[PDB]
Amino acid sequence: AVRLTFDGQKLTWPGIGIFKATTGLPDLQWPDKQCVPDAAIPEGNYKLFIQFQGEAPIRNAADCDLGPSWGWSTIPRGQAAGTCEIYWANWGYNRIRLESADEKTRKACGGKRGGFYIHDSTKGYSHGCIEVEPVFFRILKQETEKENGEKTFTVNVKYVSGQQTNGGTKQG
């Protein structure tokens, strides 16, 4: 099993590496804002769904709405037109679904937050999710594609200071 840790700026894969990572919209990248919609993800434990399921489902093409999915999916950037060129640039190219993995995490913030993912946009913000350095997904593929057995990934989110929850993921 892999227990990733996320402290607001760094996503650590123990024994492998540290990845730049960011959570929350630009003014909401603070541990004390974690119960505000689209802010830094609430602290606690989350399961990652790393099973690779290909293209994410499109719930409404006109409104650029992607449907939820419980796995690792890709963002259909190649067909984006008009406003969806803007909106899907905030997803990136890859997303991994997160689910709260204990009751305390699930009940955080009156239970009013959800729909969490790890994704590889390069904006320096995330709409209530975790934006990670794109190389994370290449390490993930390399470390898992040769393994035959169970592949269990979680992430613990714990902010140990008031520092901004921005790890420098905006494209250089």
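One-based numbering along the sequence shown.
Of the two segments, 102-110 and 27-35, the one listed with the higher mean B-factor is 102-110 (C-alpha atoms only). Stretch comparison (17-25 versus 151-159) by mean CA B-factor in the PDB entry places 151-159 on top. In the PDB entry, the Cα temperature factor peaks, among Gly115, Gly124, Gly44, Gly54, at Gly54. Of the candidates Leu48, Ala40, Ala61, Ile139, the PDB record gives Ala61 the highest C-alpha temperature factor.
Ranked by Cα temperature factor within the chain, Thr169 sits in the middle third according to the deposited record. Per the PDB record, residue ranking by Cα B-factor puts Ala89 in the middle third of the chain. Annotation for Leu4: CA B-factor lies in the lowest third of the chain's modelled residues. Ranked against the other modelled residues of its chain, the C-alpha B-factor of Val132 as given in the entry falls in the lowest third.
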